[PDB]
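In what follows, a structure is listed as C-alpha cells, so that the remarks can point back to it.
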Protein chains: 6
Amino acid sequence: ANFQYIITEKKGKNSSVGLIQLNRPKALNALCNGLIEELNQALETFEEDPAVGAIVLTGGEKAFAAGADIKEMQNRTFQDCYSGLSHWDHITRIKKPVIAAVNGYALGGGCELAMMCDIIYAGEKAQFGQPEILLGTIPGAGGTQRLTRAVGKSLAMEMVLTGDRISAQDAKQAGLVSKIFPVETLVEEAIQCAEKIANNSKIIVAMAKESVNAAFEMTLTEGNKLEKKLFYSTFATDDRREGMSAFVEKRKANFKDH
Amino acid sequence: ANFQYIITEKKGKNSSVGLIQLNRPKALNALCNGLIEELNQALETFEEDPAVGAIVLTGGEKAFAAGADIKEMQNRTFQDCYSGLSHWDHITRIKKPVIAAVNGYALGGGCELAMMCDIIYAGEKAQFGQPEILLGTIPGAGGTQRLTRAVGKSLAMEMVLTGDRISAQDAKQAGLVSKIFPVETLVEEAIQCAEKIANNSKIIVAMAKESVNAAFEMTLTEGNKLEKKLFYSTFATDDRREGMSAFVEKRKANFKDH
Amino acid sequence: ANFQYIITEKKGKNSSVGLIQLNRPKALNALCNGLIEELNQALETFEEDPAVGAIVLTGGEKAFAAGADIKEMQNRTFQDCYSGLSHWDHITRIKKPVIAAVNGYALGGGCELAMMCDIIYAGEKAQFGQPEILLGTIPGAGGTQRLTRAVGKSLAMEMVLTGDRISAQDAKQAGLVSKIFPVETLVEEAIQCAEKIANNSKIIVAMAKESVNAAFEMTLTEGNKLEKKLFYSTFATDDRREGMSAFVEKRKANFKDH
Amino acid sequence: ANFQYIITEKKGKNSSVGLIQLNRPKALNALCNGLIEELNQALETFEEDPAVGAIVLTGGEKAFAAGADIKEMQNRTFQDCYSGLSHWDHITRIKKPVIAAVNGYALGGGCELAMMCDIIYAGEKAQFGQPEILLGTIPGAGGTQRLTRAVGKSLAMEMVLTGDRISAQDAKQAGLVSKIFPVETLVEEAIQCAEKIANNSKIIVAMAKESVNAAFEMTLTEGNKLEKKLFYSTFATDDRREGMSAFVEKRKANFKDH
Amino acid sequence: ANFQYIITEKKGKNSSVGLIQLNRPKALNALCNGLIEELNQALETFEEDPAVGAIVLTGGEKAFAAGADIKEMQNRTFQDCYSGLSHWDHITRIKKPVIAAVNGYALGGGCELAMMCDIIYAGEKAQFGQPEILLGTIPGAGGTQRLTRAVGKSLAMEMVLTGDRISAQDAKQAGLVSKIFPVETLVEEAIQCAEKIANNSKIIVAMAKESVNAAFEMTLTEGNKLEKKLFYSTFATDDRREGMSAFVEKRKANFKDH
Amino acid sequence: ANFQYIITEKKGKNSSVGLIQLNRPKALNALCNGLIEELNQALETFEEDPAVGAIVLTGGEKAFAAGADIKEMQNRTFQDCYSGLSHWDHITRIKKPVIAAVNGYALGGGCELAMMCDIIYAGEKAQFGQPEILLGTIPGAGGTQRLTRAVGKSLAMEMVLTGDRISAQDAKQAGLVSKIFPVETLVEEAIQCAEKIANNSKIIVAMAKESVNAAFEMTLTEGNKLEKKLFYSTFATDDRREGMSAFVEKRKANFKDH
Ligand SMILES: CCCCCC(=O)SCCNC(=O)CCNC(=O)[C@H](O)C(C)(C)COP(=O)(O)OP(=O)(O)OC[C@H]1O[C@@H](n2cnc3c(N)ncnc32)[C@H](O)[C@@H]1OP(=O)(O)O
Ligand SMILES: CCCCCC(=O)SCCNC(=O)CCNC(=O)[C@H](O)C(C)(C)COP(=O)(O)OP(=O)(O)OC[C@H]1O[C@@H](n2cnc3c(N)ncnc32)[C@H](O)[C@@H]1OP(=O)(O)O
Ligand SMILES: CCCCCC(=O)SCCNC(=O)CCNC(=O)[C@H](O)C(C)(C)COP(=O)(O)OP(=O)(O)OC[C@H]1O[C@@H](n2cnc3c(N)ncnc32)[C@H](O)[C@@H]1OP(=O)(O)O
Ligand SMILES: CCCCCC(=O)SCCNC(=O)CCNC(=O)[C@H](O)C(C)(C)COP(=O)(O)OP(=O)(O)OC[C@H]1O[C@@H](n2cnc3c(N)ncnc32)[C@H](O)[C@@H]1OP(=O)(O)O
Ligand SMILES: CCCCCC(=O)SCCNC(=O)CCNC(=O)[C@H](O)C(C)(C)COP(=O)(O)OP(=O)(O)OC[C@H]1O[C@@H](n2cnc3c(N)ncnc32)[C@H](O)[C@@H]1OP(=O)(O)O
C-alpha cells in the first residue's frame, strides 16, 4: 500500500530479505496504533511472499523505537482496556525468521518489539530499557517476561523497577542481543545474516524456529520430544535428502523449499 | 522490638528505604531460627510502613551470611524434618522490592537468602557459594533452583557438586548479581537504587514485581497473558493517570500510592 | 570389552574418575551407531564401578565430536524414523556426574552430547555449533532445547538458523560452558573437578544432581518443594550426620557413601 | 451477510442470545473451509454486538456436525500442511460464552468444535466420537486433548484408537457434557441457559470464563493467583459494587457491563 | 481459646479426630474475617495436637457455609484489595488430612473451603455452587480452579457463569465429592474416615497427602518422579519397616508415627 | 523364551492381539523382579512383532496383581533405594496400545500397572486400591498421580490415605476404567477391543496414542500444537491417503502400516 509510518524494501541476494523500517523520526518512532497497523500489514505481505526467506526490522539511526504514544492511551479506563493493545504481537505469529536491527533507543514497547523478534543485532550506541514504571504503569507486551528470560531476575528487576537503560554491551553480555556492529553498518550486517538464513530451506527453517520457541513453553522433557518429532518430519522433505547428499557428495546444497 | 541479631534503620530520601542489617558477626551471620524470626519481623514492619517503598538487606563487611546455622541442624533427624525448616522463605512473600547488598561471604542459606531478593548488588570482595555438599547435604532453600536459573546448568552443577566459591565478578558476568561496588560504598549504592525504586508508585511497583516473578512460574504464553491483566489493572489507579499526564504535560509525576 | 571407537581409563586420586575418550579421529569423532553403543556400554560400566564417583567425557584435540554420522543417515526415511536415534540420550540416565571436556569442534550431535553432560569445560580453541540447518534438517537431540536454555533466545536462534559456530569464549560468556582452559591441560583440569566430586558422598551428590536437573522440568515453586524433600532425605544418611558433626567438632569429615 | 452454510438469529429476553445454526445437512454439516469462514464471521459479529451476551451454537437434528470435509482433505500433502487447515479455532478467541447444543452426531471435527465451546448441552439421541483413526489420521483440533481432559485417559484412548461413538448419557456421566434434554427442546433449553448468563455483567462473565479456561494452562498454585488478580480487578467495576449492594439491600441487580 | 463463631471438640477412637464446627447459623456461616481467624486458630491447634491425626470440618445441617460475608466486602476498593481476604487458604498449609462434611449449602467461599479440604463427604440434601457472578464478582479462593479440575470444563463453566447450584448426587457423579450419606449420620461417617486415617502412621500419611496434591502442580512425568522420591523416603522410617514386617510375619502392624 | 511367571499367546482375527497373562497365582501375581523382567520381555517381543497391533494384559480370575512383592521389599533400606524399583515402567515406553483386563484384585503396584495401560476393562468382581499406607509406605509407581488424574482429588485422597478398595462399578463411574464385563468373558471382550484397534494403521495408531498421552504433560495450548504437528505427520504416510480415499470411494480401507 502507500505507507505513512514505515518504509519497506526487498534486499539481499535474490531479493530474499524483506526490510521493514519504522519511519516516524520526529517522534523517535513511538509506536502508535497507525504505525502498528502498517507494520502488521507489511509483515503479512512479507510472510506471504515466496521470494522472502527472512525479515529485518529496524528503525532510524538514533532510535529503533522509543515508546508507544502516551497521548494515545492517556485517557483509557480499566473497563476500556479490559473490554477493548490487541494487535501488538502479530509479529510473534510470522513463521519466517525476523531479525531486529536496533540502533539507538529501544524503550518500552520498542524494547518489547525487538525482544519479540527471533534475533537481535544492536548498533554500538544502542540502548534498551523499560521506563513504563516512570509513567505509573508496567510493561504490557512481554517486557516483564521476555526480558527476565533473557537477562536473569536481578537485572530485569532493576530495569523494570527503576526504568534505567542498559547499553548494547550490557545487553550482549547478558544475552538479550547476540551481536554488536558499528552504527553505519548495522542493517547491512543484519541483512547478511538474514540472507544466510533465507538461503536455507524455508520449510526446515520454520521448523527450527518453532523448535527453539518451544523452549519457553514446555518442560525440557516435552521440549525434547517435540524437537524429536520435528526432526523426524524433516525426513519427509526433499531438502533434507538434498542437504545430506550434498555433504556426502561433497558439493554445495541446492534447496528448493520442500 | 529490641532485636538480638539484627539492626534496622530508615534511610534515603524521606526515609523511604528500610535497611535491615544481619548482625551476628561472631557466627558470620549464620542464620539460626532466632535470627530468621527477627528478620521476618523486620520485613513485615517495613512492608506495613507506608513511608517505606523498598528494602535493603545486608550483613557485615566480612559476611552477608555464611549459611543456615550448622550447630542448630547437627542433631536433627529425618523424622524431625518431617513432623517439624519453616519460616525460611517469608521474604518471598513481601510485596515491596528487596535488594540484597552482599559484601564478603554469601554461602549456602546465605547465598539462598540473597537470591530470594529481587536484586543483588555485590561488594568487590564478595563470594557466593553452595558448600552444603561438603556437609553431606544439599541446598534446601532454592540453591539448586534459583542459582541454576540465574547462571546456567554447567556453572550451577559445578558449584553445587564441588562446593567451590565464585567471585563477585563471576557472579556478575553470570547474571546472578547485577552490579559490583567497592566494599565501603556498597550499602550506600544499594540504598540509592532502593530510593529510586521508592519514588515510583508503591502499587504499580508491586504489580511490576509480581509480573517479573511470574516469569519463573508459567509458560511464556500464560506469563504474557498474566502481565497483560496486570497492565490493564494499572488503569484502575490514580497513579497511572497521574504518571501518563505528567509525561504528556512534561512535568514531574507526584505519585500517591494509589 | 574390546572397544573399536573409544578408549577408557581410570584416573584421578585413587582412580576415582572414569575417563572416556571418543576415538574415531578419521571421521572427527562422528557419532555413528557403533560408537554410541560403545559409549553407552562404557557409561554403564563406570556407573557400576563403586571406585568411580564421576566421569569425564572427551574427544581429540581437534574435535570433541563433529556430529551424528551423516553417511549413516543419508538414506533414512520418515517411516524409518517413526517406527525404528534411539539410545542417543543414555547419558542423561547416569546418576553419577559427567563432565564434558571439549577441545576443538563440538557440532550438531557432538554439541548436544556435551550439553547433556552436567558440566562443560572448554579448551581454548573449542568451537560449538548446530549446523544441522545446512543439511536440511534440525537438531534432534536437544540442540534447540538445552542450547536455548543455556544461552538465551537470540543467540540460540542465530546459531540454529545459520549454522554458525561460536568460540569457547562466547560459550563461557553465555553460560553454555563454565570454565575455559589451555588445550593441553583441559582434560587434566576436568579430571580434577571430577576427583573433587568423587570425594564427596555419592548419595548426596546423586541427589544434588537430580535437584539441579529439576530446574528445567518444573515451576520454581515446585522445584523448591522437590529440593526441600531431597534436602530432608539427606538427614536419613550417615554421611549427612558426619558432614555436619565434622564442622561442629572442628575435624575432617569422612564420607562413606551412605 | 448473505450466508450459504449457516443461519443466525437473535433470541431470548431482549435479543440477548445469538444463535448460530450450521446448515449443510446434505453433508451432515461436514465442516468445509467454506462453512468455517462463515462460522467465524458470525461469531465475530455477535462478539461485537453490545446487545448479545452469549452465543448458542447448533447444527441440525440428525447431526451437529460429522467432521471436517473428508473430500476437501483427500488430496492434501505433508508440505501442503506445513506451508499453507487454519481458522479452525477462532471460536476459542471469542470472549463471550458459547454453548454448544448438540443433537445427533458430533464426530471428529464436529466433536472438537463442540468441545471448544464453554458448555455443551446434548439432545437425547446425541452421539460423540473421534473416528479419525478409521480414515488413517488422528484428531487435529483438540480431539486428543480436550476429550482426554474431560473424560479421563481410559475412555479417551478407547474412543481415539477404535473410533467408537459414545451416547449422550455416557458423555454426561463422564463430564464431557453437562445436561441432557429432549431432541425437540434442546435448542430452546440452551437458549434459556444462555439468557441466564447474558443477564450477568458482561465484563465480569468474560473474566470468569478466562479464569476457568486458565485451569488447563497453569499449575493450580498459578491458576489461584491469576484468579485472585481477576477477582481484585472486579472491584474496579461498577457492576461489582452494584451486585453487592443489591444483595445487601435485598433488591434485584441492575448491571451495566462495566 | 473462647470462640465466638466455631465449636471444636475431639472425637473418634481415643479422641484421635478434631472436629471443627462452623457456628454462625444466623448468617448461614457466612465466612466473615472473624470466623476465618478462629478457624485458622483451631486448625493450627489440632495440627499441633499429637493425639489428633485428621480433622473434620463441618457446618450446620441447613448450611456448611453460604460464602464470604457480603456485608464486609461491600465497600472495598480495588486499592484496598491490592495493597491489602488474605488468610483464606491457611487450611491448605495443614499437613494432617482434613475432611469436609458438607450438609446443606456450600456456596461461593463455602464451596471453596470444602474444595480446599482433602476429602469431601456430602449429606443427602447438600448443594454446591459458585453464585459470585450474581453479585458481579467471580470466585476468589479457587472456585474457578479446584472446581474445574474436579468436574470438567462444561459443568464448571455452567456453574460459574450462571450461579446455579448442583445437588450432592451431581457432585458425587462428577467426582467433586466422594461419598453421600444421610443428613443425620454424615458427620459421624466423616469421623470414621478420619479415625481410620489417624490409625495410620502420621508421617507416611503426610507424605501421601503431599504426593496426591502434587498431581495438580506438575506434569505426570515429574509428579511420578516426586512420588518416587517420597516412596524412597518412607524407607527411612520405623513405620515402613514395621508395616511390611507385620504383613510378612502375619501379625498386626503397630505404628509409632515415625 | 521359557517363562516361569507369565503365559503369552497370540489371539484374535489374524492372530493380531498379543495376550500376556500374569501367572503367579500362589502369590496373587505379586510383582517380584523376576516377574517384571519377564513381563517386560513379553511386551518387547509383541512390540517388535509386525503382526501384532495391540496387547492385552491380564492376571487370573481372582487377581490381576496384588502389588509389588512385599517379601522382596521388606529388608530394603533408604540407601538401597538410592543407589539400587527400576524397570517398573517399561510398559509406558511401548508404542502399541495396551489394554489391561482386570479381574479380581488390582492393588498397590497392581492397580498402578493397570493404570499405566492405555485402556482398562474390569470384570464384574474386580477391586482397585492403594493399600500402601497400611504397610507404612506410599504408592511408588504412579498410584498418587495417575489415580488422582482419573478419579479426582477427593476419591484419590480417600483411597490413598485409608487403603480402602473400590468396586468395578465405582471405578467405571469415576472414569478409572471404561467398561465392566462378566468375569468369564472379560478377556475375550478386551481381546475384541484390541482387535478393532489392530485393524487400524499401526503407525497412525501409535501417533494417536502419543497424542493422547501428551494431555498429561503440557498445557492445553502446547498439547493442541503438538497434536497439530502429529496430524500433519500423518499426511506423509500411505495409510492416510488410503483411508481417506476409501471413505470417498465408499469402500473398505486397506492399511499397510505406513
Ligand atoms: C534450608 C536451608 C538450609 C541451609 C543449609 C545450609 O546453609 S548448610 C550451611 C552451609 N554453609 C557452610 O557450610 C559454610 C560454613 N562455614 C565455613 O565454611 C567458614 O566459616 C568460612 C569459609 C565461610 C569462613 O571461615 P573462617 O575461618 O573465616 O571463619 P570461621 O570458620 O572461624 O567462622 C567464624 C565463626 O562462625 C562460625 N560459623 C561460621 N559459619 C557457620 C555456619 N554456617 N553455621 C554455624 N556457625 C558458623 C564458626 O564455626 C566460627 O565459630 P567458632 O570457631 O566460634 O565455633
Ligand atoms: C540426533 C542427532 C542428529 C544429529 C545430526 C547431526 O549431528 S547432523 C551433523 C551435524 N554436523 C555436521 O554437519 C558437521 C559436518 N562437518 C564439517 O563441517 C567439517 O567436517 C568440519 C567443519 C567439522 C571441518 O571440516 P574439515 O574440512 O576441517 O575436515 P573435513 O571436512 O575434511 O572432515 C574430516 C573427515 O571427517 C568426515 N566427517 C566430518 N564430519 C562428519 C559428520 N558430522 N558425519 C560424518 N562424517 C564426517 C568427512 O566426511 C572427512 O571424511 P572423509 O574425507 O573420509 O569422508
Ligand atoms: C483439523 C481438523 C480435522 C478434522 C478431521 C476430521 O474431522 S476427519 C473426519 C472425521 N469424521 C468422519 O469420519 C465421519 C464420516 N461419517 C460417517 O461415517 C457417516 O456418514 C455417519 C456414520 C456419520 C452417518 O452415516 P449414515 O449412513 O447415516 O449417512 P452417510 O454415510 O450416507 O452420510 C450422509 C451424507 O453425508 C456425507 N458426509 C458425512 N460425513 C462426512 C465428512 N466428514 N466429510 C464429508 N462428507 C461427509 C457423505 O458422503 C453422504 O453424502 P453423499 O452420499 O452425498 O456423499
Ligand atoms: C476470596 C473469597 C471470596 C469469596 C466470595 C464469596 O463467597 S461472595 C459470596 C457468595 N455467596 C453468596 O452469593 C450466597 C449469598 N446468599 C444467598 O444466596 C442466600 O442467603 C441463600 C440461597 C444461601 C439462602 O437463602 P435464604 O432465603 O434461605 O436465607 P436468607 O437469604 O434469608 O439469609 C439468611 C441470612 O443470612 C445472611 N447471609 C447469607 N449469605 C450471606 C453471605 N454470603 N454473606 C453475608 N451474609 C449472608 C443474609 O443476609 C440473611 O441475614 P439477615 O436476615 O440479617 O439479612
Ligand atoms: C514401586 C511400586 C511399589 C509398590 C508397592 C506396593 O505395591 S506395596 C503392596 C501393596 N499391596 C498389598 O498391600 C496387598 C497385600 N495382600 C493382601 O492384602 C491380601 O493378600 C489380599 C487382601 C489381596 C487378599 O487376601 P487373601 O487372604 O485372599 O489372600 P492372601 O493374603 O492369603 O494371599 C495369598 C498368598 O499370596 C501372598 N501375597 C499376597 N499379596 C502379596 C504381595 N503384595 N506381595 C507378596 N506376597 C503376597 C500372601 O502372603 C499369601 O501367600 P502365603 O500365605 O504363602 O503367605
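Chain identifiers are assigned alphabetically (A, B, ...) following the order of the sequence lines, protein sequences preceding nucleic acid strands; residue numbering begins at 1 within each chain. Heavy atoms only: backbone and side chains are in, while hydrogens, waters and symmetry mates are out.
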Give a yes or no answer on whether the side chain of [X] reaches the backbone of [Y] with a donor-acceptor pair at less than 3.5 Å.
X         : Y         : value
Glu242(D) : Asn254(D) : yes
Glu112(E) : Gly142(E) : yes
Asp239(D) : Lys256(D) : yes
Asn200(D) : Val205(D) : no
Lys96(E)  : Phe46(E)  : yes

Check against side-chain contact (heavy atoms from CB on, under 4.5 Å), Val102(E) and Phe128(E): CA-CA 9 Å; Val102(E) 173; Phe128(E) 292 86; 3.8 Å; yes
Heavy-atom closest contact ([X] atom, [Y] atom, distance):
X         : Y         : value
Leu176(D) : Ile120(D) : O-CD1, 3.5 Å
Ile191(E) : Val17(E)  : O-CG2, 3.8 Å
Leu147(E) : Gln130(E) : CD2-CG, 3.9 Å
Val151(E) : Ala156(E) : CG2-N, 3.7 Å
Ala208(E) : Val160(F) : CB-CG1, 3.8 Å
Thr234(D) : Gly136(E) : CB-O, 4.0 Å

Side chain to side chain donor-acceptor pair (under 3.5 Å) contacts touching residues 59-71 of chain E (sequence neighbours left out): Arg24(E)-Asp69(E)
Heavy atoms from other residues, nucleotides or ligands near CD of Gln192(D) exceed 12 (cutoff 6.0 Å): yes
Neighbour count above 12 (heavy atom, 6.0 Å) for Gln169(D) CD: no
Test side-chain contact (heavy atoms from CB on, under 4.5 Å) applied to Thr162(F) and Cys193(E), step by step: CA-CA 8 Å; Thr162(F) 63; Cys193(E) 172; 4.1 Å; yes
Distance alone, cut at 3.5 Å: any donor-acceptor contact between the side chains of [X] and [Y]?
X         : Y         : answer
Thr144(E) : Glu227(D) : yes
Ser178(E) : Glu158(F) : yes
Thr219(D) : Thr219(C) : no
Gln74(E)  : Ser245(D) : yes
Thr221(D) : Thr221(C) : no
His87(E)  : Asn40(E)  : no

Charged N-O contact under 4.0 Å between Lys196(D) and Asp164(E): yes
Salt-bridge present (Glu210(B), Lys225(D); N to O < 4.0 Å): no
Rounded distance (nearest 0.5 Å) linking atom CE of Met115(D) with atom CZ of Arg149(D): 11.0 Å
Nearest-0.5 Å distance, CG of residue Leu135(E) to CE of residue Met244(D): 5.5 Å
Pair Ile203(D)-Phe78(A), side-chain contact (heavy atoms from CB on, under 4.5 Å): steps then yes or no: CA-CA 11 Å; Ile203(D) 172 165; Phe78(A) 163 69; 4.1 Å; yes
side-chain contact (heavy atoms from CB on, under 4.5 Å) evaluation trace for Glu189(D) with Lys179(D): CA-CA 10 Å; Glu189(D) 303 277 359; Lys179(D) 307 298 179 246; over 6 Å; no
Residues that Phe181(D) engages under ring-ring contact (aromatic ring centres under 6.0 Å, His included), provided they are two or more places apart: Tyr121(D)
Residues forming a ring-ring contact (aromatic ring centres under 6.0 Å, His included) with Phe216(F), sequence neighbours excluded: none
